[PDB]
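First, one chain by itself in structure tokens, the form deposited in one PDB entry.
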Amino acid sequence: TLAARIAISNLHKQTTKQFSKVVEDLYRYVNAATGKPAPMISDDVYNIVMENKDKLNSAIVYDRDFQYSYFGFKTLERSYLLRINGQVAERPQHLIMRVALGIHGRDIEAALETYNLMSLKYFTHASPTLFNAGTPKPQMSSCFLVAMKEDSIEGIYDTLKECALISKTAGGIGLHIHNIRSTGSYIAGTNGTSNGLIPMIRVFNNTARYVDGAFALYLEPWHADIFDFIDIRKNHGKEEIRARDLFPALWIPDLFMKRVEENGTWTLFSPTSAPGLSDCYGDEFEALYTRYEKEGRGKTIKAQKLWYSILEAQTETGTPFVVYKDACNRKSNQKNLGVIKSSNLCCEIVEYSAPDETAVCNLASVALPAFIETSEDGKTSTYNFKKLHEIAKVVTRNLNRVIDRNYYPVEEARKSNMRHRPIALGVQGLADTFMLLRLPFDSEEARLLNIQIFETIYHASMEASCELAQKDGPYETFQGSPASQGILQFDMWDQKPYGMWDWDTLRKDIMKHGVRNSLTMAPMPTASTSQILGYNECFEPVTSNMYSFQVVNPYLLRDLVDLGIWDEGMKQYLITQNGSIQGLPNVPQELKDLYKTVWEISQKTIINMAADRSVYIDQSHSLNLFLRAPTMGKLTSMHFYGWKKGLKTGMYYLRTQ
């Protein structure tokens, strides 16, 4: 762990110190191999730096470069810090300043503040923002939700064209394909027999390979090609019938879940024969689905045949993902726009898309542990909910600026983002926060900290967003939204807020002034950006207390040494048992309870905590499920338990073994 001083320290001195000078170099860079100028800074951001070089250079506390962990820094080193010629040109602080300015433009105040909070590791922005902010083509946004334009060669290939343009600049795509004809449907244009979804999937998999880049595909389980669709990632099967890079997601209506429970029938349709199904939900969906069912427009099967197949795919491949169409639509502030037809690659975003609107993910995350405080007389940590609420207001504002200063690879993405202005704050180091505060993940304390943390972020972002609506008007589409009627997220869960913040006032202001953002919260994966800040992925508990390159949970070993039981007889068994400390001869019960692995935490608790926090989530959140010795019945009750909690995302991956 001391190797990180020398790693930073040495590459601290292979680098120009004056920030403006690094900008100069990057601004000026030329591709020696081709003699083309390759500016790595934008005209806009360059001029700003020059017109402000003293304020900017002397704001930068270069000491903060040691605020980065072991491989934390090496992650930045590897892929984030801009390189002049194979060599790292930016210091970490330059990256942050560039990003700060890239977000904030002329607003030097805002820029400076974001520089500070970021550099002190209070929050961060998504990877694309960190790569691209402040650069000639500033694509700051991660993923994109794409509609399949129309069920025809023209619509398919325009969609394919769109995904190629998007996939160029990388970034994730969630594509919904409910409207595409199934295997054997009549073709007007020449002769009949379509060959279905798979051959078309195959075109998308090929086009993705060509340009890159992961691709998520969204499908309702009444589609006639559903059985093949869920095996898109299985090994054996057939030859010309899959794809090694696409992630299948189910977009499940309630009726399906019920049909399974009741051990009844389920009907598969081609959309050509059963038009409109993906364009309604809840009671209206069921009225139309049943009618189509009685009119014998499909092929009836046993709901449990399908259900068992879903379970099998998941057991073997960890997919398909499961997201609940009706929870998503019933409990969304975008419900005035139309029916939402999919989530994203990571299962947190639930935003509206259409042939001409490609929804965009605008993401940043808050470092939950940075609000822990010893404060007040003695050895006791508290959590500063005022400082959290504050940071969340800052990040809300940033992400609005990102909306405006983002480069959009396709016009559909610009239409959607400008029009509905959705935002997606998330979090990292929930697990850390718990451990720092000495709270087991399953503790009644952790349960209550979960709720409060999320209440304050939702409260903060809605307040900050209302503030922006006063300055700049509501988003275009605000009129007739749940929020415009004073129905906020938790209201749609038929609940009362935990009440740490005053919701009445905010609700009164919202009804009065609007909000700038149709949506605000989507706790995401953050795999990469939470390695940068040295934290556990997001809102999940730790998967191990050991990482590979042989590092132990910093809070765990500290404790071991304070009790002086930390030795080699111990070091050995930590490796011995996939980073578990349960069943360790000389380890205090308070430690075993605190440093439980996610394989040791009740999934019922996890679903509950996800359900608790869900009432403050505008959108959804990426709920991975972890099963030890997985059985059909165990998987079945976990899906159904989540389903009945009203979750939108019942499952992201199924991680097993």
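Here the rigid core means the biggest group of C-alpha atoms that line up within 1.5 Å when the two forms are laid on top of each other. Numbering starts at 1 and follows the sequence shown.
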In 9 other deposited structures of this protein, rigid core aligned: more displaced of 325 to 333 and 184 to 192 by C-alpha RMS: 184 to 192
Between stretches 78 to 86 and 372 to 380, more displaced by Cα RMS in 9 other deposited structures of this protein (rigid core superposition): 372 to 380
Residue 548: gap in at least one third of other compared structures: yes
Chain break class at residue 404/residue 405 - deposited residues not modelled: none
Unresolved deposited residues in the interval that joins residue 548 and residue 549: 4 to 9
Between 160 to 168 and 582 to 590 (mean CA B-factor, as deposited), the higher: 582 to 590
318 to 326 versus 192 to 200 - which carries the larger mean C-alpha B factor in the record: 192 to 200
Member of 332, 576, 400, 495 with the greatest C-alpha B factor (per the PDB record): 576
Candidate residues 455, 411, 77, 390, the one whose C-alpha B factor the record puts highest: 77
CA B-factor placement of residue 619, once the chain's modelled residues are sorted into thirds: lowest
Where the record places residue 263 (Cα B-factor, split into thirds across the chain): middle
Relative C-alpha B-factor of residue 231, binned into the chain's lowest, middle or highest third: middle
CA B-factor ranking of residue 374, expressed as a third of its chain: highest
Third of the chain, ranked by Cα B-factor, where residue 178 sits: lowest
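The form solved in complex with a small molecule is left out here; the points below concern that form.
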Joint contact, 80, 142 and 214 to the small molecule in the deposited bound form, by non-hydrogen atom at 4.5 Å: yes
Residue 345: touches the small molecule in the deposited bound form, heavy atom cutoff 4.5 angstroms: yes
Heavy atom of residue 395 within 4.5 Å of the small molecule in the deposited bound form: no
is_contact(residue 517, the small molecule) in the deposited bound form, heavy atom dist at most 4.5 Å: no
Heavy atom of residue 120 within 4.5 Å of the small molecule in the deposited bound form: no
Candidate stretches 576 to 584, 396 to 404, 299 to 307, 337 to 345, one within 4.5 Å of the small molecule in the deposited bound form by heavy atom: 337 to 345
Answer option from 173, 533, 255, 224, heavy atom within 4.5 Å of the small molecule in the deposited bound form: 173
Listed residue that, although the small molecule is not shown, lies within 4.5 Å of it in the deposited bound form (heavy atoms), from 363, 232, 97, 249: 363
